[PDB]
2 protein chains.
Amino acid sequence: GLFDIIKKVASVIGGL
Amino acid sequence: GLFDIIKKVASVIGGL
């Protein structure tokens, strides 16, 4: 779902 | 870590 996409993007940003 | 970030970015692209 879109929300699973946003959650993954959030994790990526958290890992920068 | 890095590898998780790479997989998450890949998953997002794949899912868009």
# chains A, B, ... in the order shown; residues from 1 in each chain; ligands from 1
$ residues_around --residues "residue B:16" --least-positions-apart "5" --cutoff "12 Å" --atoms "only C-alpha atoms" --output "NGL selection string"
(:A and (1-6 or 8-9)) or (:B and (9-11))
$ calpha_fit_rmsd --fixed "chain B" --moving "chain A"
0.5 Å
$ select_by_dssp --residues "chain A" --states "alpha helix (DSSP H)" --output "ChimeraX atom specification"
/A:2-14
